[PDB]
Amino acid sequence: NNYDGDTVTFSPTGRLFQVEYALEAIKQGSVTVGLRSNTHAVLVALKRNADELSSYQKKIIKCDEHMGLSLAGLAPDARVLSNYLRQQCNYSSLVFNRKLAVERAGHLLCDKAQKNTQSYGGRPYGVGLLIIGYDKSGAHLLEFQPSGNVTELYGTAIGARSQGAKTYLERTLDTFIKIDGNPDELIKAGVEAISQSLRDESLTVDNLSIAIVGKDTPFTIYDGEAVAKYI
Amino acid sequence: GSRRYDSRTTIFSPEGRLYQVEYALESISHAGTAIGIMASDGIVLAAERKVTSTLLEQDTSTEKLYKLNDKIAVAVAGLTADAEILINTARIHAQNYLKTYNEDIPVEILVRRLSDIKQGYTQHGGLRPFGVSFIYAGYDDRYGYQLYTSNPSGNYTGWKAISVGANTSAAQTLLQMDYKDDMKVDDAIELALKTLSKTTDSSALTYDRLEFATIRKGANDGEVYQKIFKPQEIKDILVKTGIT
Amino acid sequence: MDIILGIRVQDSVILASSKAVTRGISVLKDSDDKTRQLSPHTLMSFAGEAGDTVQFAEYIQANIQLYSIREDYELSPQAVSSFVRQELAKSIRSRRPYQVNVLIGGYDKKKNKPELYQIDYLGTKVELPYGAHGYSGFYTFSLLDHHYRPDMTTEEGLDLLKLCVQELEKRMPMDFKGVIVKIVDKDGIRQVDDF
Amino acid sequence: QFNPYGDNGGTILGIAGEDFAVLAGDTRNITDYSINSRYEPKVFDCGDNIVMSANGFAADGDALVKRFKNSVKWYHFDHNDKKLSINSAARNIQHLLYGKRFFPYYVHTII
Amino acid sequence: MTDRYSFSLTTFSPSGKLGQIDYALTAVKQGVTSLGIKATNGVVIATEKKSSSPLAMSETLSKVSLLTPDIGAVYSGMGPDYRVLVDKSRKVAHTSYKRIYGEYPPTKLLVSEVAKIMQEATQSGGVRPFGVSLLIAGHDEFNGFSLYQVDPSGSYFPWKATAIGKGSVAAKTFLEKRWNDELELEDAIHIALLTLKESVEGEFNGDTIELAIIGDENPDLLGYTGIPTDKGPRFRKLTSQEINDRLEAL
Amino acid sequence: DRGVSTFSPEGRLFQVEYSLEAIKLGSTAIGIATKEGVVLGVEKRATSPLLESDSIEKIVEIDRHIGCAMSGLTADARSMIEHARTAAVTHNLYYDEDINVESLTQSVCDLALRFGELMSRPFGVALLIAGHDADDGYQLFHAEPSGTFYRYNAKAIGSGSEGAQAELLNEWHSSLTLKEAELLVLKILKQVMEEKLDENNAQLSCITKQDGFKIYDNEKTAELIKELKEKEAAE
Amino acid sequence: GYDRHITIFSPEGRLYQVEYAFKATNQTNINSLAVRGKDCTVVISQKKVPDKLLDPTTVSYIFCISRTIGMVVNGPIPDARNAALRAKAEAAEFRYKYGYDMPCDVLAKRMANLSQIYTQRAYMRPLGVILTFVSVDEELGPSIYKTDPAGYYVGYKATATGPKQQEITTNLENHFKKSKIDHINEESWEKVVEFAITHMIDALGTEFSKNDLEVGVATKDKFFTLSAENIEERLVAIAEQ
Amino acid sequence: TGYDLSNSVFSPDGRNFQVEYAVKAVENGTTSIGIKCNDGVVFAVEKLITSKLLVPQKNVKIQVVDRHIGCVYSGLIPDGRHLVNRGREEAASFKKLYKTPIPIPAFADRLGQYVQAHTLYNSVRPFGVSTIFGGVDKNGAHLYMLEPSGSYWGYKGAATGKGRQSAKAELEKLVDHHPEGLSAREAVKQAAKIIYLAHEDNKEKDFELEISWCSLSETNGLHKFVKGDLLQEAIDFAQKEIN
Amino acid sequence: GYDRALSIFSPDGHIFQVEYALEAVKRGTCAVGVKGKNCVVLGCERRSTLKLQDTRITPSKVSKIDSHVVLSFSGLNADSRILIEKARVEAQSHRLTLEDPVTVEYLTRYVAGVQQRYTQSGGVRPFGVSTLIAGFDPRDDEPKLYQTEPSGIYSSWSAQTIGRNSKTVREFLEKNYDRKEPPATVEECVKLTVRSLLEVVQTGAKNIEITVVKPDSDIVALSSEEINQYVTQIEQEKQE
Ligand SMILES: [Cl-]
Ligand SMILES: [Mg+2]
């Protein structure tokens with residue numbers, strides 16, 4: 001009310017309203033799902049279009065050969081943060097000849113988002129991210145929020161109507177976690193999960209966007225006729 | 001953050017006016033009147049001191065009239081402290097020009113640069129403008145005797161006779177009445193004093209409440225002299241014209 | 001670059017400048033004009049380090065032309081020379097100084113007098129009746145000490161200048177491919193085409 | 001005084017055919033009259049069917065190859081996984097080398 | 001972080017007033033009375049030592065300060081603001097004058113430099129004006145003895161005699177009656193003590209009054225001998241005993 | 001007042017949303033993409049008849065293979081175009097090739113959010129960037145001051161945008177010829193324009209692989225206007 | 001009314017932020033006292049440890065600035081520690097630059113000038129503390145100098161600070177009226193501490209245990225604080241008289 | 001009024017309302033504690049299991065500074081991380097210049113001055129965390145608790161978060177019943193109990209226990225996490241006490 | 001440095017600071033530009049509330065940017081000096097690097113770019129000035145007349161006016177100016193320009209300034225008597 005003019009101001013109950021309004025931009029964004037087994041990690045993203053004449057907004061971004069994310073909210077902010085991740089992954093490779101741990105990737109994003117919430121003039125990032133990766137400790141899935149809070153999960157979903165997919169994954173937890181050495185079946189579980197967040201619209205060939213990373217699988221994105229298999 | 005406390009000094013009103021410039025002019029309109037009159041053979045600068053006290057040291061004082069170089073002087077109306085900042089800048093600018101070209105600075109060039117500084121304070125930087133209006137009286141070999149004025153807006157114009165500060169409306173009407181083009185310095189001296197004598201808010205105009213200066217070619221052969229009048233010299237010129 | 005001369009007479013200033021541009025063992029050009037018009041009644045000839053000369057001349061030219069537009073008034077030759085000297089005086093204590101020597105010939109319209117200024121790359125200004133830069137001076141100064149008179153005409157000044165060029169062509173080691181002569185007077189600047 | 005350059009010796013060789021190309025190089029690495037390694041490769045696969053070698057001062061050669069490999073990586077990121085053509089790679093390497101025109105990479109490069 | 005206040009905190013109001021300067025003058029009005037009187041052969045400056053507590057040692061707090069050997073200063077208003085101004089005023093006398101000309105500045109020019117500092121606090125970003133008015137008494141060879149007043153605006157005026165602060169209106173009236181152009185220094189000290197008694201309420205002695213003069217040169221206060229041209233400081237602070245002697249024949 | 005980079009309670013940047021309102025006030029610009037080329041057309045909208053309409057430059061060349069049309073506060077587009085042109089030429093210098101249309105658009109969109117308390121406010125102009133490259137062929141992009149860009153088969157921006165976009169929805173198909181697309185831009189422009197459409201108050205342009213980016217002459221556009229009127233009267 | 005939020009003048013010539021910083025001084029609800037002996041300067045302060053979980057040894061408002069200078073603070077601990085760290089740095093730098101130990105009164109002035117800057121510059125707030133500096137100066141002898149948020153400072157014969165400061169002040173005033181001198185005419189510092197505690201007991205009207213007080217003593221060439229047992233020994237001496 | 005809208009502004013009371021508002025964010029956060037023992041310190045924290053989808057043991061909240069200091073906090077988790085990152089820089093420069101690892105009281109002031117600095121300007125926000133931290137140095141064991149204002153003290157026991165009053169009460173009993181001292185292995189078991197007892201103030205979502213410790217004898221003066229058999233032993237002890 | 005975003009968007013999509021700068025232009029004295037077949041003429045109003053002026057030394061309303069291009073303006077006088085100075089510097093800089101004087105389009109584009117930069121730069125307000133830039137390109141006989149405004153937009157005009165009561169004089173020009181046949185001679189162009197100002201000015205004494213620009217750096221300002229002859233001629237023909 002009087003305490004939402006900028007990010008430097010606390011409310012009387014101890015809230016940061018500008019951070020909460022940035023969080024609101026994510027809820028308006030299109031749904032995206034993340035899930036993993038012990039061998040692979042999968043991102044499934046519902047892309048959104050302006051109209052029938054427009055293209056479908058690309059949700060998934062590659063960060064390295066072993067890591068990448070999907071976005072929900074302000075796409076330019078995702079570009080800034082993904083670019084920072086690309087540089088940090090790359091710094092780890094050039095200097096230490098070391099693939100950046102998915103856990104450290106999260107820690108770095110948290111600290112970058114935090115600085116924007118404590119200084120005058122700037123603003124919080126207006127986007128949520130789902131980072132997947134395969135490193136020296138197996139498959140990983142992270143959930144980034146622009147408050148700074150990063151969380152490691154077996155599965156999750158963010159965006160509009162993400163509660164439907166998140167409930168499904170909470171039920172299916174015991175099943176999909178043990179889909180080891182089988183990419184297609186793990187994707188199927190992710191495609192079925194995102195389907196629980198659909199209303200009126202269904203998954204078409206240029207609407208769906210899938211990405212996968214794993215033990216002997218680099219981070220690759222599937223769009224167009226390549227995802228027709230999973231409809 | 002600090003946005004909360006910013007007055008925003010350099011913005012436009014809905015009518016297309018600069019608030020701070022307009023208010024700075026309102027400040028200047030309460031300052032002691034200063035008159036400049038340009039004759040064919042010289043220039044007069046007259047200025048009324050702001051409500052003098054009897055214990056003020058009059059002879060070793062400088063409030064209104066300042067020397068920029070040997071050929072140019074200014075009469076001040078507004079904040080003295082602000083004027084002195086601008087004067088020291090103008091004095092330096094004159095010496096930079098002399099150092100560069102080995103020639104005394106043309107009056108208009110000095111005026112323009114000083115006016116350009118004032119302009120800057122109205123367009124950028126977020127600071128308050130200088131609450132000062134100048135009357136420039138000077139001579140160069142191009143245009144001869146020249147009178148200019150500049151104000152907080154950074155706008156300057158040339159004049160034959162002009163007033164700044166208090167009661168300029170009344171003063172400008174009286175100058176417009178009695179001024180003519182073939183006028184001499186001694187006549188202009190008389191006009192300047194007569195104008196102040198009528199427009200003054202004081203009961204009677206006296207020597208101790210005045211600063212006076214002339215820029216004549218009254219030196220020996222083709223050269224300009226600046227005369228900042230002493231107290232006794234103002235007393236004598238006031239008797240000579242029949243005001244006291 | 002090499003030979004630049006200047007002679008101030010009764011009613012004009014005459015500047016002579018060599019046409020050769022040499023690099024290594026090759027004369028690349030034999031028609032080079034080593035001068036710029038700073039203003040309608042002010043001409044500057046120049047000589048020195050390759051590249052620096054033209055870069056400096058044009059830089060000065062731009063500044064004087066800028067002044068002329070701003071004030072709608074031509075600067076006096078004395079004023080232009082003082083500006084040029086100060087630029088060279090700054091230059092000499094820079095990281096990389098302009099290695100350029102100049103002669104400034106002008107006609108002061110207020111005084112109705114011709115004026116010749118000699119300024120070296122250090123910023124050493126002198127007003128002279130006749131001037132030269134480089135090795136040229138070692139011949140021309142003594143020659144002009146003898147033959148020059150202060151009340152000479154422009155035509156007499158050109159014959160006096162021919163006498164200098166002939167001496168230089170006789171005793172200088174390098175072929176400088178003749179000179180471009182220009183006259184500065186009350187009516188402005190003009191070039192002598194047949195010299 | 002400290003000398004920042006060295007000579008690690010070796011030699012490289014590139015030949016082009018009609019539908020193929022070879023880039024060869026010996027595996028010896030030396031300093032003065034001593035052998036450092038009998039097997040230290042200096043011909044690298046840089047991705048997009050580009051092979052590269054920078055022979056001379058090995059530290060500078062390794063730095064350049066490392067920078068070009070990284071240049072290829074960022075070309076994919078910034079231009080939608082587009083394949084870097086051999087002519088485009090060559091021009092990119094010119095800018096890498098000329099960037100140090102006044103403190104050179106002491107290497108003769110072949111791709 | 002960083003000073004984001006790069007804008008003026010003193011601006012013109014619609015009526016043409018500079019609010020913060022007016023308010024700074026109001027703070028000076030609340031301040032304790034101080035005064036200055038100029039004689040033919042000297043200048044006197046004086047003020048009351050308002051003690052914050054009787055346990056406090058009022059000797060340690062110096063309201064009258066030496067700026068140069070021939071220039072002194074006193075104030076009315078906010079003491080801390082005065083203290084920093086004296087520090088800056090002393091330093092500027094060296095940096096902008098003595099280190100250039102090898103001699104101390106004349107009174108009018110030092111005053112000018114102090115005024116410049118006070119004017120900048122009126123226009124610069126993120127600062128308020130100084131909440132003090134200074135009275136600066138001094139001597140120099142070519143101008144002789146002089147007395148100046150400096151206000152929060154940066155304006156300064158020369159005075160034969162004046163007073164500032166609490167009871168300045170009454171004190172100025174008192175000085176107008178007593179002042180003439182033939183006053184000797186001792187006569188001016190006498191008048192200063194008479195004028196100051198009116199504004200002081202409690203105790204009136206050498207321990208509650210601070211008084212200094214700009215008079216003759218003091219070779220005994222120089223600290224060395226051997227240079228004939230160096231004859232000592234004209235600024236002298238009167239002792240507690242020296243004041244009480246003149247209070248008996250009052 | 002309030003911060004420049006402030007979020008609203010709904011989760012949008014105030015200044016970005018306000019700049020979008022400025023773009024709605026701007027003159028109409030339409031783009032249509034085909035397999036034979038991409039066509040760009042704009043409404044000139046002269047404020048007075050004394051204004052020489054040929055000096056109104058609302059269609060602009062970035063490189064030989066990339067063109068650009070604008071709508072909104074068109075003065076703001078100058079620095080965006082300057083950046084685009086430099087980006088295109090600079091990429092050609094570094095890589096000895098033409099730059100991808102998408103990569104160019106992305107480079108322009110990186111300027112968009114570089115504002116705050118960098119420039120003082122967002123851009124008040126939207127851009128239609130049309131071009132061709134070897135990889136993805138003929139392309140049309142809509143670049144906003146939010147930093148977002150969408151690819152489009154066809155797109156209208158400006159004052160008559162919502163009305164024109166609905167018309168493009170029905171009329172566009174994947175087998176449109178270039179000539180058909182030219183007429184379609186003219187047709188839709190004439191529908192949404194206030195004043196009557198002619199060669200002086202409307203301008204056409206296109207980009208083809210063979211001939212590159214070309215702004216049409218007033219003589220060439222006039223014939224396409226005359227061809228359009230005849231075809232509508234013919235049924 | 002934004003003239004009450006930052007350090008600019010109000011219409012009546014006041015700085016409200018400075019005045020409110022003075023009120024922050026008493027937020028801790030602690031009373032301090034300082035007195036001078038012949039050879040020493042003693043400072044005492046109340047010590048209140050409400051929470052049982054607190055480590056009482058770490059609860060302190062007295063600071064050792066340099067070897068010779070000691071400082072007690074009245075105000076919140078964050079601002080107290082801010083001032084302490086700065087004073088320590090200033091005292092150390094002074095010694096390095098000028099080749100002798102910083103005097104108590106000079107440090108007090110320096111900290112006061114810093115406090116003054118915060119009253120004039122807008123972006124910096126004043127510190128809500130009153131700093132009482134004590135030492136045995138090699139030139140001036142036993143010294144007490146006190147700084148506040150306004151940037152004011154002065155020397156003292158003796159002084160007191162806190163909520164019940166005025167009661168302690170008048171108690172000391174009445175003693176120096178009687179004794180007719182500027183100090184505590186006493187040889188050992190041990191008895192000067194006993195004087196300080198006794199007169200605080202009389203003024204405040206409360207009794208003290210060993211853990212209710214905190215004592216700092218300045219002698220020639222060193223300033224030191226007393227332990228709980230050093231104070232207990234001192235309390236026993238008062239009780240047996 | 002309006003005194004609470006800007007940081008570093010004194011109210012007429014002499015209070016900085018913005019700092020007090022940051023304390024509310026701390027009170028909102030999960031419970032965390034610290035227990036000082038014979039020859040070291042023990043830290044414990046409540047981790048709320050929001051969902052089955054959270055990976056157990058893989059969202060670590062306790063952080064290490066240098067090799068001998070442990071830090072835990074309640075409130076805005078990112079703000080706590082920012083503070084630890086500074087702590088690590090402060091500890092690194094101390095060791096760089098002075099060779100020895102940073103003493104705990106020395107380290108405590110480095111954080112204290114940094115947090116206090118964020119109450120001096122309106123261009124920054126106060127920290128939304130109370131930080132419990134400590135370790136073992138040359139002078140022995142030290143436990144500290146640092147608040148948004150920059151205020152810190154040494155502690156025998158410390159607690160903060162939503163269940164601070166419950167934990168404080170339980171801590172006060174340990175101080176009374178063990179005047180001679182508590183052992184390191186005991187303190188781990190007690191820490192578990194106190195978190196379980198303090199969970200009663202946050203009992204909607206079930207939780208995950210996380211403990212760490214420094215001890216001169218048990219961990220050789222270094223900071224380690226409690227895991228495996230020793231962790232499960234502490235959980236079982238806590239489970240037995242609630243029933 | 002002072003950073004504040006003074007020029008910003010409002011809910012309705014307007015930048016008020018730019019629009020309020022246009023109001024300052026509307027307050028300024030009238031200025032008119034009319035281009036003929038072989039010339040351009042710049043007419044300017046001078047308010048007659050100022051007597052006892054010194055017209056020798058008073059800044060002239062029309063300013064030379066180079067020997068072949070001129071700039072008149074309406075709005076804040078102090079602001080106009082800054083634009084003119086920058087334009088004059090750029091004109092000499094262009095000659096120095098391109099070895100060719102600026103085109104009128106280029107010089108306009110530069111000035112317009114400066115004006116635009118002040119609408120989205122921190123700490124600055126927009127220029128309260130609109131300009132009419134007129135002249136002839138190097139080695140070209142086609143007349144050029146351009147207009148700029150605070151927002152930064154610029155465009156070419158057959159004839160145009162700006163300043164106070166400009167909408168009245170624009171109305172006059174819109175019916176009196178024929179595109180198919182512009183003023184064939186200098187006299188015809190000057191007369192049309194004076195006629196258009198006489199709809200607004202007051203008296204045709206020392207209130208109207210006229211400056212004629214012709215090809216190849218041929219610029220001259222008309223004197224009082226020369227202008228007064230056009231005023232006398234127009235009034236006699238009017239009485240009909
Ligand atoms: Cl200091
Ligand atoms: Mg020489």
# chains A, B, ... in the order shown; residues from 1 in each chain; ligands from 1
$ residues_around --residues "residue A:153" --least-positions-apart "3" --cutoff "9 Å" --atoms "only C-alpha atoms" --output "compact mmCIF listing (two decimals) with N, CA, C and O atoms, in the first residue's frame"
# COMPACT_ATOMS: atom_id res chain seq x y z
N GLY A 34 8.94 -29.72 -14.43
CA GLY A 34 10.24 -30.37 -14.27
C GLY A 34 10.09 -31.65 -13.46
O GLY A 34 9.31 -31.71 -12.52
N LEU A 35 10.83 -32.68 -13.86
CA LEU A 35 10.88 -33.95 -13.12
C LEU A 35 12.15 -34.72 -13.48
O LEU A 35 12.74 -34.50 -14.54
N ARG A 36 12.56 -35.62 -12.59
CA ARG A 36 13.77 -36.43 -12.80
C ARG A 36 13.65 -37.84 -12.24
O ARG A 36 12.84 -38.11 -11.35
N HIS A 140 19.68 -33.90 -11.36
CA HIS A 140 19.20 -32.83 -10.46
C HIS A 140 18.09 -32.01 -11.09
O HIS A 140 18.04 -31.85 -12.32
N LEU A 141 17.21 -31.49 -10.24
CA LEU A 141 16.18 -30.52 -10.64
C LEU A 141 16.07 -29.44 -9.57
O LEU A 141 15.90 -29.75 -8.40
N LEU A 142 16.17 -28.19 -10.01
CA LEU A 142 16.09 -27.02 -9.13
C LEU A 142 14.90 -26.15 -9.49
O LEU A 142 14.48 -26.12 -10.64
N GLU A 143 14.36 -25.45 -8.49
CA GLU A 143 13.32 -24.43 -8.70
C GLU A 143 13.82 -23.09 -8.18
O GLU A 143 14.05 -22.93 -6.99
N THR A 156 8.59 -30.80 -9.97
CA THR A 156 7.81 -29.60 -9.67
C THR A 156 7.23 -28.97 -10.93
O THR A 156 7.46 -29.44 -12.05
N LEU H 53 7.74 -33.90 -2.75
CA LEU H 53 8.67 -33.68 -3.86
C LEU H 53 10.04 -33.08 -3.48
O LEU H 53 10.96 -33.09 -4.29
N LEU H 54 10.16 -32.55 -2.26
CA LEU H 54 11.46 -32.10 -1.74
C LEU H 54 12.39 -33.28 -1.51
O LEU H 54 12.01 -34.25 -0.85
N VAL H 55 13.61 -33.19 -2.04
CA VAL H 55 14.60 -34.26 -1.87
C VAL H 55 15.10 -34.19 -0.43
O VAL H 55 15.58 -33.14 0.00
N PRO H 56 14.96 -35.30 0.34
CA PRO H 56 15.49 -35.30 1.71
C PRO H 56 17.01 -35.14 1.75
O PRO H 56 17.70 -35.62 0.86
N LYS H 58 18.91 -32.75 1.00
CA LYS H 58 19.52 -32.03 -0.14
C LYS H 58 19.02 -30.59 -0.31
O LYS H 58 19.00 -30.06 -1.42
N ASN H 59 18.64 -29.96 0.80
CA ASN H 59 18.36 -28.52 0.83
C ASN H 59 18.98 -27.95 2.10
O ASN H 59 18.29 -27.55 3.04
$ select_by_dssp --residues "stretch 192-227 of chain F" --states "alpha helix (DSSP H)" --output "ChimeraX atom specification"
/F:192,218-227
$ residues_near_ligand --ligand "ligand 2" --cutoff "7 Å" --atoms "only C-alpha atoms and all ligand atoms" --output "PDB file with N, CA, C and O atoms, in the first residue's frame"
ATOM      1  N   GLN C 118      56.256  33.882 -37.341  1.00  0.00           N
ATOM      2  CA  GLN C 118      56.974  32.616 -37.422  1.00  0.00           C
ATOM      3  C   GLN C 118      56.856  31.890 -36.084  1.00  0.00           C
ATOM      4  O   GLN C 118      57.258  32.431 -35.050  1.00  0.00           O
ATOM      5  N   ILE C 119      56.311  30.672 -36.116  1.00  0.00           N
ATOM      6  CA  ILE C 119      56.113  29.852 -34.916  1.00  0.00           C
ATOM      7  C   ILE C 119      56.693  28.462 -35.149  1.00  0.00           C
ATOM      8  O   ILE C 119      56.298  27.786 -36.096  1.00  0.00           O
ATOM      9  N   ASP C 120      57.615  28.038 -34.286  1.00  0.00           N
ATOM     10  CA  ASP C 120      58.167  26.677 -34.359  1.00  0.00           C
ATOM     11  C   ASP C 120      57.329  25.696 -33.532  1.00  0.00           C
ATOM     12  O   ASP C 120      56.404  26.097 -32.831  1.00  0.00           O
ATOM     13  N   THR C 124      57.291  28.817 -30.200  1.00  0.00           N
ATOM     14  CA  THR C 124      58.165  29.989 -30.142  1.00  0.00           C
ATOM     15  C   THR C 124      57.722  30.971 -31.218  1.00  0.00           C
ATOM     16  O   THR C 124      58.059  30.800 -32.391  1.00  0.00           O
ATOM     17  N   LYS C 125      56.974  31.997 -30.810  1.00  0.00           N
ATOM     18  CA  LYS C 125      56.408  32.977 -31.743  1.00  0.00           C
ATOM     19  C   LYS C 125      57.273  34.226 -31.845  1.00  0.00           C
ATOM     20  O   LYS C 125      57.765  34.737 -30.835  1.00  0.00           O
ATOM     21  N   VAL C 126      57.439  34.706 -33.078  1.00  0.00           N
ATOM     22  CA  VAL C 126      58.094  35.979 -33.367  1.00  0.00           C
ATOM     23  C   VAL C 126      57.419  36.630 -34.576  1.00  0.00           C
ATOM     24  O   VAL C 126      57.161  35.955 -35.572  1.00  0.00           O
TER      25      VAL C 126
END
$ residues_around --residues "stretch 152-169 of chain I" --least-positions-apart "5" --cutoff "9 Å" --atoms "only C-alpha atoms" --output "ChimeraX atom specification"
/F:50-57,73-76 /I:24-36,73-75,105,108-109,111-119,130-132,144-147,174,177,179,182,196-200
$ interface_residues --of "chain B" --to "chain F" --cutoff "10 Å" --atoms "only C-alpha atoms" --output "VMD selection string"
chain B and resid 1 3 to 4 6
$ write_last_selection --atoms "C-alpha atoms" --output "compact mmCIF listing (two decimals), in the first residue's frame"
# COMPACT_ATOMS: atom_id res chain seq x y z
CA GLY B 1 15.26 6.06 -1.38
CA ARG B 3 13.60 10.37 -4.64
CA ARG B 4 11.11 11.29 -1.87
CA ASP B 6 13.86 15.75 -4.54
$ closest_atom_pairs --of "chain A" --to "chain E" --cutoff "10 Å" --atoms "only C-alpha atoms" --output "tab-separated table"
residue	atom	partner	partner_atom	distance
A:118	CA	E:1	CA	9.8
A:119	CA	E:1	CA	7.0
A:120	CA	E:1	CA	7.5
A:121	CA	E:1	CA	9.9
$ write_last_selection --atoms "N, CA and C atoms" --output "JSON list (two decimals), in the first residue's frame"
[["chain", "number", "residue", "atom", "x", "y", "z"],
["A", 118, "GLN", "N", 17.74, -5.72, -2.16],
["A", 118, "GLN", "CA", 18.26, -4.98, -1.00],
["A", 118, "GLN", "C", 18.80, -3.58, -1.33],
["A", 119, "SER", "N", 18.85, -3.21, -2.62],
["A", 119, "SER", "CA", 19.42, -1.92, -3.05],
["A", 119, "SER", "C", 18.39, -1.01, -3.70],
["A", 120, "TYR", "N", 18.54, 0.30, -3.47],
["A", 120, "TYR", "CA", 17.68, 1.32, -4.07],
["A", 120, "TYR", "C", 17.98, 1.45, -5.56],
["A", 121, "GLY", "N", 16.94, 1.74, -6.34],
["A", 121, "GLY", "CA", 17.07, 2.00, -7.78],
["A", 121, "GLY", "C", 16.72, 0.79, -8.63]]
$ residues_around --residues "stretch 89-97 of chain G" --least-positions-apart "2" --cutoff "12 Å" --atoms "only C-alpha atoms" --output "list in words"
residues 64, 65, 66, 67, 68, 69, 70, 82, 83, 84, 85, 86, 87, 99, 100, 101, 102, 103, 104, 105, 106, 107, 108, 109, 110, 111 and 114 of chain G
$ closest_atom_pairs --of "stretch 10-98 of chain D" --to "stretch 105-122 of chain F" --cutoff "12 Å" --atoms "only C-alpha atoms" --output "CSV"
residue,atom,partner,partner_atom,distance
D:78,CA,F:106,CA,9.0
D:79,CA,F:106,CA,9.8
D:80,CA,F:106,CA,11.2
$ write_last_selection --atoms "N, CA and C atoms" --output "PDB file, in the first residue's frame"
ATOM      1  N   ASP D  78      24.487 -17.731 -29.159  1.00  0.00           N
ATOM      2  CA  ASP D  78      23.992 -16.446 -29.658  1.00  0.00           C
ATOM      3  C   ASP D  78      23.311 -16.498 -31.036  1.00  0.00           C
ATOM      4  N   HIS D  79      23.464 -17.601 -31.776  1.00  0.00           N
ATOM      5  CA  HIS D  79      22.931 -17.699 -33.147  1.00  0.00           C
ATOM      6  C   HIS D  79      22.189 -19.015 -33.436  1.00  0.00           C
ATOM      7  N   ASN D  80      21.456 -19.506 -32.436  1.00  0.00           N
ATOM      8  CA  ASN D  80      20.543 -20.645 -32.585  1.00  0.00           C
ATOM      9  C   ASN D  80      21.231 -21.902 -33.145  1.00  0.00           C
TER      10      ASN D  80
END
$ residues_around --residues "residue A:85" --least-positions-apart "3" --cutoff "12 Å" --atoms "only C-alpha atoms" --output "PyMOL selection string"
chain A and resi 61-64+67-69+78-82+88-92+100-102+104-110+112+129+131
$ residues_around --residues "residue H:78" --least-positions-apart "2" --cutoff "7 Å" --atoms "only C-alpha atoms" --output "number ranges by chain"
A: 110-111, 114, 148-149; H: 76, 80-82
$ atom_distance --atom1 "atom CA of residue C:145" --atom2 "atom CA of residue C:129"
10.1 Å
$ interface_residues --of "chain C" --to "chain I" --cutoff "7 Å" --atoms "only C-alpha atoms" --output "MDAnalysis selection string"
chainID C and resid 62 66 69
